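The chain that follows stands alone, in the form deposited in one PDB entry, written as structure tokens.
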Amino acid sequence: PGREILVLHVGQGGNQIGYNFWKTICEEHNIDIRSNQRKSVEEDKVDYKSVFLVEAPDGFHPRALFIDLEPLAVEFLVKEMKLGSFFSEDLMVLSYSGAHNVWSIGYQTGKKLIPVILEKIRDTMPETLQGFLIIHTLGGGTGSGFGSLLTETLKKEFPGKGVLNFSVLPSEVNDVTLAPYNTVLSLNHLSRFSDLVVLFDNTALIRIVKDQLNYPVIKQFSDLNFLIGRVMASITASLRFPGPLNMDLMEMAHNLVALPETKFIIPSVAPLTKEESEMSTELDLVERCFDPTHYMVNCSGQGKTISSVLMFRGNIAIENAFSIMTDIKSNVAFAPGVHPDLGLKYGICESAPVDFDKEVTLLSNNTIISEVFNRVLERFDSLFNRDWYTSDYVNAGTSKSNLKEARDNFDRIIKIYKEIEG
């Protein structure tokens, strides 16, 4: 026993993303998400299912909680995707009132559910649990505020366990006008309590789906969220399947987090299709991951990499993975203080993702974070300097002074990344 992870999905986006993640995990372990059983004994591969799956005598269940302050997103998802016996009622922590896109309402209202959540966790969590993943968007009220509260709560209640966030930033034009306040409040909270924050945004996800997968239409968020699920599954693949070089959650965080504050990470994956996986080299895939076309956060350029983690999955030539390292260091811009021999952390797993020959996943700690975050700050200031939209934050326990305090800490983080850039 050991290595187990518990996944908390918070708000509409966090729970919708959870569908794609759990679908991917079940497929990788040849588990039928509808029957809760192995699809077959003969195709049961050597693996470690306990990382994300609880095996009970009746079948497999996700080590997850599905948390929201309104019931519609989760209930509709479970009905449409036929998840009733996998996303079961005993794993749901739902209320009725909603956060109304205000971080402060999500935070305050979520406090009422913390006892129930902690009881569910302490009911079924093994003592050898390595950590928690919190999946949430930053621009709404529940994912942002309740997700922030949960990050704080888990770090306090479970010392020595990793707390990692997979967090969706607002789009280039925000689709929630309150998103700057919610994003600054969330990033401030995660800077204080998360061990590592892996970021995504829908502008980048849409670009990848339209340009790398060439989907003719995106009709549901599943046709975007699958990319987030791919990152989550691939970066944990070496905990779950054999390979030459495995790595756990805090192993990856320790290699990325150069200074305590530099914990905000941009992911990328290559390739995106089976056909590309069968007609590519390790060098080609790594170069794609380091190219802004493949970043899952919308960036103006390659920035400067401080530190990176690369997971190689599938039919990988180890000599190519190693031999290309000097090429990565020569062709990709790293921050000025990074020694020519440093800034890379490798994992290598023999299991390829569904039907692919091979795949590379990159987690990059990149100074371009400062540009992404500066844009959030500029949006925040445009509202705050006019006192726009502050009333419902104030009424839910976030004073205007508190809003400014969060903004100023956010700016301190931006400046640390900018200083490292040079």
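From 1 onward, residues are counted along the sequence shown. So that the term is clear: the rigid core is the largest set of C-alpha atoms that superpose within 1.5 Å between two forms.
Here the subject shifts to the form deposited in another entry, a form of this protein not shown in this document.
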Report the residue, chosen from 149, 232, 289, 196, for which the CA moves 2 Å or more between the shown form and the other one after the rigid core is overlaid. 232
Did residue 356 shift 2 Å or more between the shown form and the other one, C-alpha, core superposed: yes
Rigid core superposed, CA of residue 256 - does it shift 2 Å or more between the shown form and the other one? no
Does residue 55 show a Cα shift reaching 2 Å between the shown form and the other one after rigid-core superposition? no
Regarding residue 278 and residue 47, go with closer or farther for their CA spacing in that other deposited form versus this form, the difference being 3 Å or more. farther
